[PDB]
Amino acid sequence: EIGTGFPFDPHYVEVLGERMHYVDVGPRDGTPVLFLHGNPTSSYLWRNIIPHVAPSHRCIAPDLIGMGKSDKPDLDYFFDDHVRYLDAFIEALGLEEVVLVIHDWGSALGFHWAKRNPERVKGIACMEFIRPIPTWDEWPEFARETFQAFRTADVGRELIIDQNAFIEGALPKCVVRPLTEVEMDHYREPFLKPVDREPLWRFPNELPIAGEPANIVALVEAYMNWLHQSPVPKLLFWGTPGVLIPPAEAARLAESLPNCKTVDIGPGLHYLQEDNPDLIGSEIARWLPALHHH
């Protein structure tokens, strides 16, 4: 079955005046595997995947600014704020070449960094990542209303900040098996005080849906252009029915993305790590050795 503990020693690093928490295990020689969570999650989302990979490779899984066990400065938490902190995080640890394991807003941060540091990416493992959703018709029906409501300064603040609906509502609804209360409490913990939920609200207001916001739609389009023509080894996990990346779109991507291997996870929605962590972890470890050469 799936484990609910988080048996990792904390590591902390001062970045732009703020302390960021991260996981750090595995050997210190060789290429590190850098794990990037999104909304409303943290390193806790990678807990059952990292132990498949750490036997062979350094695993670094940071908590984004405002999230996890990282500090909570009073920010708008625009994507660009996460870009600044994440960039500084990576330089602070002296990372040179990396492999990237990425999801959701972690995938926006990770593709954006790769495009800008192409020579430092030896491979990308991705799942339920962010690319333009050009019309609301191209967002999943079952979540259209919910996300349209989230994308408002009145209703959307109400639901997400005041009633915690992204943690209590969206998260569990996008995992096919039922999250346990132990798991839910590890996800609830950073956001016990409502005022700290600002990143949970700004994030769905940053999604590139229906041309808006214009800056994110362009920056995402630019990293998707880069990806489509990069020969970097890519490993894409997908589920059924999925959310951002439904089966038919995973097949299309298998064909249109260079040097891409896809893996079918079975059932899942958005947080695929919670439904099949073992296959995700094992398939990643499997894949890493052949990335190593020049």
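Don't overthink the numbering: it's just position in the shown sequence, from 1.
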For this session: Look up the CA B-factors in the entry and say which stretch, 147-155 or 102-110, has the higher mean.
Result: 147-155
Exercise. Comparing 273-281 with 11-19, which has the greater mean CA B-factor as deposited?
Worked result: 11-19
Problem set entry | Criterion, highest CA B-factor; candidates, 128, 206, 162, 91 | 91
Exercise. Going by the deposited entry, which of 40, 55, 247, 233 has the highest CA temperature factor?
Worked result: 247
Exercise. What third of its chain, lowest, middle or highest, does the C-alpha temperature factor of residue 140 fall into?
Worked result: highest
Exercise. Of the three thirds of its chain by CA temperature factor, lowest, middle or highest, which one includes residue 197?
Worked result: lowest
Seminar exercise, completed: residue 70: CA temperature factor from the record, placed by chain third, in the lowest
Exercise. Based on the entry's values, in what third of the chain does the Cα temperature factor of residue 124 lie: lowest, middle or highest?
Worked result: lowest
Exercise. Relative to the other modelled residues in the chain, which third contains the C-alpha temperature factor of residue 182: lowest, middle or highest?
Worked result: middle
